[PDB]
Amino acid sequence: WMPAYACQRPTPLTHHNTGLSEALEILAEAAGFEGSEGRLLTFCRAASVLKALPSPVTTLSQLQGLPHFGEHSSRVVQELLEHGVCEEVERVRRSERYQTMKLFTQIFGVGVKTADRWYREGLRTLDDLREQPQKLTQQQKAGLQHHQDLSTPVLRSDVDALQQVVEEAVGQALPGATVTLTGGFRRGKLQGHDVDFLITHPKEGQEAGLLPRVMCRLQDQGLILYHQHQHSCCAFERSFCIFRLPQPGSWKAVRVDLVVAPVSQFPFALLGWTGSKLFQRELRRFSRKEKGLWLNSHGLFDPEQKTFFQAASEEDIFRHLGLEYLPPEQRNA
């Protein structure tokens, strides 16, 4: 017996069912490309169940008694076990719609809605996009300019080098300010599509105006290819960057997300930003459905009492929701 919510079970970085989960996640992704959010969540949940299993699924009798394994997901696994291939998955992979949506959505600054609009307007290739620059935001233009580098997986060695330059810029700008690696790398992943950093200072308010000073310093060093600063609107101050990472004899563009949070909200921001996306979806669903509380990256709110939970750590937040603590490396749902 394995719990239904991904936030109630450990999901390690590496598991025994990568072929099966990858097939399900292709179907999940394709459903998201078509706007079928329910079907996406269904396939994603089924894939995450396989990730938590302690052993490989070699016979279909091993699916018996597992949550989130309805008919469609079971059939996928069945065809894979019996034939080594699932024809729906292979049709999806080869389809022009999926390949194009995948191409466009992996461009920096392009979501599903934009990608689908461009598809419907007869755009197919990266060159087609380049021929219509009036259709692109500045962020999207930067993404296209650097798309080869931005499609190259980011390595832990890249992350280490980047964290050093970000730490130096932060340390110079404001003594005492801290940089915390979040995102998939904090969950132990060995590769990723970007690097995520969360910046704070232990005195509430000392972080005001820090990010722009950090960016000035990084810019002066030649380390920034693209930078979009956004002030908090509703809602953290952040900078969407492409860094020019020096390498032995060349350089690579790398996506970096810098997020500033006031230290009061830091444990919520850390939790939210550490992911995985599905784990956080599941944790927020759990908080709302099971405990009546709204969790987001800024706080945990009781909307009946009209109160906010004070947390000093991620552990406090788990405790408050009635969940066993999961370290970041077990949140790979």
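Between two forms, the rigid core is the largest collection of C-alphas that superpose within 1.5 Å. Start at 1 with the first residue shown and count on from there.
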property	result
Higher C-alpha RMS shift from the shown form in 8 other deposited structures of this protein - 285 to 293 or 58 to 66, rigid core fit	58 to 66
Comparing 207 to 215 and 251 to 259 where Cα RMS over structures and residues is taken in 8 other deposited structures of this protein (core fit), larger one	207 to 215
Unmodelled in at least a third of other entries of this protein, residue 231	yes
Of 284 to 292 and 265 to 273, the stretch whose C-alpha atoms average the higher B-factor in the entry	284 to 292
Between the two ranges 168 to 176 and 101 to 109, the one averaging a larger CA B factor in the entry	168 to 176
Given 81, 258, 253, 136, the residue at which the Cα B factor reaches its maximum	81
Highest recorded Cα temperature factor - choice among 26, 40, 278, 46	40
Among modelled residues of the same chain, the CA temperature factor third for residue 132	lowest
Record-listed C-alpha B factor of residue 236: chain third	highest
For residue 89, the third of its chain into which the C-alpha B factor falls	middle
Lowest, middle or highest third - CA B-factor, residue 77	highest
CA B-factor placement of residue 220, once the chain's modelled residues are sorted into thirds	middle
